[PDB]
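Let's see this in three dimensions:
(5 chains, ligands or ions: 2)
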Amino acid sequence: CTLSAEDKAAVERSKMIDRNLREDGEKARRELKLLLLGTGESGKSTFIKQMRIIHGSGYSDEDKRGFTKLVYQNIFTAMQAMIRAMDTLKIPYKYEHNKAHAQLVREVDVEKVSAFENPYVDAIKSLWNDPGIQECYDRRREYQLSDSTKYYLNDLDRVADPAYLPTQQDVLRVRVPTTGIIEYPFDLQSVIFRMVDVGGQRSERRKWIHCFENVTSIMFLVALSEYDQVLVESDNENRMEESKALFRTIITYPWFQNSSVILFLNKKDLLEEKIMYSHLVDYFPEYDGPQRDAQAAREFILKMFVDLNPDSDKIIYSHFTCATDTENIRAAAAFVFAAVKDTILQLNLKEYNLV
Amino acid sequence: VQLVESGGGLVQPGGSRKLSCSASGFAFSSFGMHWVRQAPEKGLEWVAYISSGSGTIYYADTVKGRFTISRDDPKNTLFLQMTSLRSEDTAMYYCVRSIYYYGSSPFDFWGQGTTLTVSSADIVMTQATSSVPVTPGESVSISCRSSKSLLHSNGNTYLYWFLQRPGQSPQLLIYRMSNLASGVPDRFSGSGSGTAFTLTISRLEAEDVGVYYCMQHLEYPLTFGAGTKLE
Amino acid sequence: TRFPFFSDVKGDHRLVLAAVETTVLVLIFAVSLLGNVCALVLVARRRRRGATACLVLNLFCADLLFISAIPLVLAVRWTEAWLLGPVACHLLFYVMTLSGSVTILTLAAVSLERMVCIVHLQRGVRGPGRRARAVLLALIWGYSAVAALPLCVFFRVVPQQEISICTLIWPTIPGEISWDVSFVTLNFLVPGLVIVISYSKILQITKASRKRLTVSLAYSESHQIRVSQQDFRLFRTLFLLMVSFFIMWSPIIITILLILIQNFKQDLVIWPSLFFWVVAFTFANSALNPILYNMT
Amino acid sequence: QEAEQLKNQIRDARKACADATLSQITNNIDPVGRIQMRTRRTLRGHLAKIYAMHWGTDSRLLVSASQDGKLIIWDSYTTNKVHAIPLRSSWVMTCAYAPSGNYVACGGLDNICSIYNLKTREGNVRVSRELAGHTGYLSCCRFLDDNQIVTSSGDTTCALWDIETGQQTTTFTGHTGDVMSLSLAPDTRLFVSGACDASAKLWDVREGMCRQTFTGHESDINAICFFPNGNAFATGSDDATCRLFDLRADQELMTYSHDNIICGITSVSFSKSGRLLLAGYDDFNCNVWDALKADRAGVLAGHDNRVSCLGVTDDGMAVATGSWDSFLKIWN
Amino acid sequence: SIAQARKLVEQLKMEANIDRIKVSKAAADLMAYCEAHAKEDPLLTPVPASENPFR
Ligand SMILES: Nc1nc2c(ncn2[C@@H]2O[C@H](COP(=O)(O)OP(=O)(O)O)[C@@H](O)[C@H]2O)c(=O)[nH]1
Ligand SMILES: Cc1ccc(-c2ccc(F)cc2COc2ccc(CCC(=O)O)cc2)cc1
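Numbering: from 1, shown residues only, chains lettered A, B, ... in the order given. Ligands and ions are numbered 1, 2, ... in the order given. Dropping the coordinates below:
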């Protein structure tokens, strides 16, 4: 040993660091990373909110105080979107006076407003109960509009209170416009999970998706209400088709061949109320089944989505979820844990040259 | 960044004493610790060393087996257990913080020590003289010698220059024969050849008086010189 | 008199039987050597040093050590008598018993560690680490060197016409009985039961998970005939490993017990080349092990 | 219509000064030929993909970041680990080492550039600063000095930050796609930045205005570096092509590609005299081109997964390559 | 759109009015820098093992 005293001490420090790295890096393999994917307005932020409510610490009243401004931006954004869709669908107002109220909303600075008082409250209320505005809400099929618009404009009076505090449901149904990867860890029966949510990042996916080569599974949220909306606010494009394209792109990535796919079909309730008015056959010709049934629609959508799998070397766990009400998202979480355990099983069997 | 020693005092002939050092304000579990003597009318003298991680322990051939160094990282308390105290064991004992990675400045921060009063192959570091009369504002230079060459074949030279001001704990000035410790004025420098070392101070100010010490770290034990008293 | 090992008397077909046995054992030696060395190369390269990597490299080391005694056996069979000397008579059978014990114990350990790692990854908790693997390998080799000790101290060259044969001399019949029974029960039955339990537990866990997922809806409208193949494939593989172990390690146990019975009641007669051919079938284990444990 | 005319006049003026090519003027120089480099040191300890490394200015220390969520500072001479920094975000794509050595940087999918102080009196590495304000992931970062750092993001914008206040001193907008790489001039009065629009841009740090724009790649420019004089810089794209752009000529000079190379470059770096351009590739190799002729292709074939980062010391005495198989190799 | 087009036009304008040089001078400067530091290029010119810090 030609080393001096100080270099022997340096070797000692390097070995200490070796041990610390080994410890931390074996902790970093007990935690399973689930990459949460899907299209916009599919129900994945509400998904993380729900499991935070039922597996994290929940939202304290300080968080609700932080969320209230976002709630008011949501109410203004939905009202403005309906107002704009009125002037693009070529439908006039039944009441002329409320038109002026509509103007009062058209110039609002959505990103800047933090107070919600009169006459804005009265203007919004007088707009919403217009027969023309109700017709526009009924025909919201042809334009982008948050699904929680009915829920907020039928509790306007509650949210217009000077002492209004958002409830758990209000927290669920509000956009938090944060950009960047969000990691959220979990304890499912002494198993550490972590949902990695992207999609708040508007950058190109190909440049940071290989970073998720080491994910246990991909939780792909498709919305069952995406049919019967070929938005006319832009070029005529179905939303189911966008979801299918994204699903194919995800399940053809070489990064994700080691990771299973859990497909969650969401907004099933809204499918139930859409079936009573609109049927699949008008937009998907390959469909052939009952017109006013919902289970047939659900299984058609699932069969259509699971057959995008190019190969027989990847199984797709699937679920019918409604990521707004609890005690159904608990079922979704149990299904996630079970599917991830099965994925780990199959990976170990493949490594042991058994499966 | 603070080290407090405790446990010193008057001991009966023989006997035993546990001296503690509480570290506060730094990552004491990532630091090696030294115990360093100093007689009431003599230069410093190294006692012991414990490593980052408790891996290795070193004693001097005048205390070995009769001492015991130890540490406790959760409470950041270093210990020297000391047994069978002969007359030659009456000294101030300082706890020295010392880290070792590429670029570290060992012996940078010392504690305040604590008095304890009891009722040849090693490199020999040797001062030139006991004192040097000087004048404020002048340039001063002391010298020191080593039996071996402190230039290790790795390129380093493990000479250390320390300052101990009257009534104060030591303070690293020069680490590895040339490098100025943090907080030391740029007025100091150290240079020489193997077995011949000189510490130079330019623009000699007040409170720069004291005793300057030349220690080596090339091997254990760590050997001091008497240290020149700049007065 | 005393049962000869690897020493036979060939009559009108001395150049036929010896030639075919030499050909069979050279084929076995070549296939085992190439398979185990390539398996060792491809396993040592992996940077994920799991339980399987270290235990299968131990397996291939055992197989190579097992087949290292082919040329001596060829020499004994071809020269129809023992000429290799006491050192060879004390080393050959000890090495074969050592390697066979290590190979069986390593199959058991591979199965056990596979099941335990599956269980711990299902629970997401800590398990046996590197120290456990080192202790396991050390214990396997130590037990296989201790339990094979008689076969280095009780093999002697005896003039049994009188010709030199490397036979086995048990000092006492009860010691022979006890060693044979203990070897068989703790080097064939305990490892075999471990393999069966471990692999059936793996299969049970897989089926339980498949049920727990299929209670959701069906996984799909079609994937029920995309998962059912995987259950069949896993069942085929695990059942193949179990039956392969038992079929290719049972004849040697049967012949060991036959030699015990003959060395207990001289009434029974065992064919002279039956032992040799069962030994060749056992040698085939060193070739077929890297096949099953590196299928892909 | 005036924009098209300005693009038209630039192109016609662009072709005017391209009287010759770098290949024609280099037919009278002796090739270095085969360069056999060896793994003097293999730095082990990272447990996941290594995404960036940066040499120290002493040519001996080395910081490297992995998806294991950690930076490691290595003494490359003795394979000793000097520091280990656990990151708050494990999705790190970049790291930097300060010229003075007191500081390290990192960033990634969190859109935040974290700066860590290395020379502390508390003995550990603390997060000196967290620079936030980018709306996309950070792909590269480079200290100008202890006080200022430039970060490139997927915002299509770069940002020069004053660290001691944490605010963007200047912003560099103008790219169309995500900016993926970044290189500082030797004097650090300029930088060069390539993005996912196949174009790079030469940016002025002081005045904050884009001086120059270089086009010619066919895909994302995900690797960029300066020739040691600061007058040239080599890009690496997904086209399996590296390319040399000189700022004065305002053109492209020589391409670095081959028929059997089909995968994109992950990293580029020059040699101390600029006679060697080492380029890490997705075929698990790391080529070494004679930067003056484009026909050397020495190979640092020691990695079993994609080579994601590489670098040459400030004395050109070695070259470190980190790859997706979590190993750093020091070739000399 | 007028403001966006105006900003783009100015950027194209400022980049055009640059006193560029020929590629021959750039290539000459490149090879001059290369041949000026060729002896001090350790990877280009392998240093003797006694003066190599990496053995
Ligand atoms: N009624 C109903 N509304 C839902 C359901 N899932 C999502 N939503 C609504 O859809 C909105 C969009 O979901 P978001 O959380 O914004 O999805 P992201 O765009 O993927 O982050 C949510 O705000 C909910 O109000 C569901 O199952 N039922
Ligand atoms: C588990 C295992 C593994 C490998 C082998 C094996 C294979 C080929 C070979 F040539 C010799 C052996 C072992 O050699 C013996 C010879 C005779 C006896 C008879 C004891 C009595 O009854 O006294 C016992 C052992 C056996 C068991």
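
Distance check, the residue nearest to residue A:211 when sequence neighbours are not counted against residue A:132.
For residue A:211, ignoring the flanking residues on the chain, the nearest one in space by Cβ to Cβ, 6 or more residues apart in numbering or on different chains is residue D:91 at 5.8 Å. Just so you know, the C-beta spots here come from the backbone N, C-alpha and C atoms, and that holds for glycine as well. Residue D:91 sits 48 Å away from residue A:132, going by Cβ to Cβ, to the nearest Å.

ditto for residue D:218
52 Å.

of those two, who's got more company?
Ranked by neighbour count (other Cβ atoms under 10 Å in any protein chain shown), residue D:218 and residue A:132 place residue A:132 first, with 17 against 10.

hang on, isn't the more buried one packed against residue A:91?
Yes - using Cβ atoms under 8 Å, residue A:132 is in contact with residue A:91, at 5.6 Å.

how deep is residue 86 tucked in, by neighbour count?
Picked chain A for this. If you count neighbours by other Cβ under 10 Å, residue A:86 ends up with 21.

could you do chain C instead?
12.

Tell me what the nearest residue to it once chain neighbours are set aside is bridged to.
Of all residues beyond its chain neighbours, the one nearest residue C:86 is residue C:157 (5.8 Å), with distances taken as Cβ to Cβ, 6+ apart. Residue C:157 has these beta-bridge partners by DSSP bridges: residue C:166.

List the contacts of residue C:157.
C:82, C:85, C:86, C:89, C:164, C:165, C:166, C:167 (Cβ atoms under 8 Å, 6 or more residues apart in numbering or on different chains).

The fifth one is in contact with residue C:158, isn't it?
Spelled out, that is residue C:164. Yes - with contact defined as Cβ under 8 Å, residue C:164 counts as touching residue C:158 (7.3 Å).

any idea whether residue E:42 is helix, strand or coil?
Secondary structure, DSSP: H, G, I helix; E, B strand; the rest coil: residue E:42 is coil.

Name the nearest residue to it, sequence neighbours excluded.
Sequence neighbours aside, residue D:317 is the residue nearest to residue E:42 in space, at 4.4 Å (criterion: Cβ to Cβ, 6+ apart).

my guess is the one you found meets residue D:331, correct?
No - at 10.7 Å, residue D:317 does not count as touching residue D:331 under the criterion of Cβ under 8 Å.

Just want to know which of those two has more residues nearby.
Remark: of residue D:317 and residue D:331, residue D:331 carries more neighbours, 24 against 21, as counted by other Cβ under 10 Å.

Now for the nearest residue to residue A:21 once chain neighbours are set aside: which residues touch it?
Nearest in space to residue A:21, with sequence neighbours left out and distances taken as Cβ to Cβ, 6+ apart, is residue D:45 at 5.3 Å. Shown in contact with residue D:45 (Cβ under 8 Å, 6+ apart): A:17, A:18, A:21, D:72, D:81.

Which helix or which strand is home to the last one?
Looking back up the chat, that one is residue D:81. In this assignment (DSSP states H and E), residue D:81 forms part of strand D:80-86.

Ok, the first one next?
The secondary structure element spanning residue A:17 is helix A:5-27 (assigned by DSSP H and E).

Buried ones in the longest helix seen in chain D, by neighbour count?
In chain D, taking DSSP state H as the definition, the longest helix is helix D:2-16. For helix D:2-16, the neighbour count (16 or more other Cβ atoms under 10 Å in any protein chain shown) marks D:6, D:10, D:14 as buried.

just curious, which of the residues you listed is nearest to chain E?
Each of the buried residues of helix D:2-16 was checked against chain E using Cβ to the nearest Cβ; the closest is residue D:6, at 3.6 Å.

Excluding chain neighbours, what is closest to that closest one?
residue E:12 (3.6 Å).

who's in contact with the one you found?
Contacts of residue E:12 by Cβ under 8 Å, 6+ apart are D:3, D:6, D:7, D:10.

out of those, who's near ligand 2?
Contacts with ligand 2 are made by none of those, judged by Cβ under 6 Å from any ligand atom.

got CSV for those, with distance to ligand 1 too?
Converted to CSV, those look like this (distance: Cβ to the nearest ligand atom, whole Å):
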residue, distance to ligand 1
D:3, 36
D:6, 41
D:7, 39
D:10, 42
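
now do the same end-to-end measure for stretch C:73-90.
By Cα to Cα, to the nearest Å, the extent of stretch C:73-90 from end to end equals 13 Å.

now check stretch B:77-93, is it near chain D?
No - under the criterion of Cβ under 8 Å from any Cβ of the partner chain, chain D is not reached by stretch B:77-93; the shortest gap measures 14.3 Å.

Tell me the buried residues in that stretch?
Using 16+ other Cβ under 10 Å as the test for burial, stretch B:77-93 gives B:77, B:78, B:79, B:80, B:82, B:85, B:89, B:90, B:91, B:92, B:93.

next one: stretch D:285-300
For stretch D:285-300, by 16+ other Cβ under 10 Å, it's D:285-294, D:296-298, D:300.

Which ones among the residues you listed lie within strands?
Among these, the ones falling in strands (DSSP state E) are D:286, D:287, D:288, D:289, D:290, D:298.

mind listing the helices in the chain by residue range?
You didn't say which chain, so I picked chain A. Under DSSP H, chain A gives helices at A:5-27, A:45-55, A:61-88, A:96-106, A:120-128, A:131-138, A:149-153, A:156-159, A:168-172, A:239-251, A:268-275, A:295-306, A:329-351.

hmm, I had chain D in mind actually
D:2-16, D:22-25.

Contact partners for the closest residue to ligand 1 within chain B?
Among residues of chain B, the one nearest ligand 1 by Cβ to the nearest ligand atom turns out to be residue B:27. It sits 41.3 Å away. Under the criterion of Cβ under 8 Å, 6+ apart, the neighbours of residue B:27 are D:122, D:123, D:124.

My read is that the last one contacts residue B:30, right?
If I follow you right, that is residue D:124. Yes - at 6.5 Å, residue D:124 counts as touching residue B:30 under the criterion of Cβ under 8 Å.

What is the burial count for the closest residue to ligand 2 within chain E?
Residue nearest to ligand 2 within chain E: residue E:55 (48.1 Å; Cβ to the nearest ligand atom). Using other Cβ under 10 Å, residue E:55 has 10 other residues around it.

Grab the two from the ones in strands among the buried residues of stretch D:285-300 that are most spread out in space.
Farthest pair in these (Cβ to Cβ) is D:286 and D:290. Separation: 15.0 Å.

For chain C, give the residue positioned nearest to chain B.
Residue nearest to chain B within chain C: residue C:131 (18.8 Å; Cβ to the nearest Cβ).

Residue B:3 contacts residue B:25, correct?
No - between residue B:3 and residue B:25 there is no contact under Cβ under 8 Å: 9.3 Å.

what touches both of those two?
Common neighbours of residue B:3 and residue B:25 (Cβ under 8 Å, 6+ apart) do not exist.

Looking at those two, which one has more neighbours?
Legend: neighbour count by other Cβ under 10 Å for residue B:3 and residue B:25, higher for residue B:3 (25 against 12).

I'd like to know how far the nearest residue to the more buried one once chain neighbours are set aside sits from residue B:90.
Of all residues not flanking residue B:3 in the chain, residue B:111 sits nearest, at 3.5 Å (Cβ to Cβ, 6+ apart). To residue B:90, residue B:111 is 19 Å away according to Cβ to Cβ.
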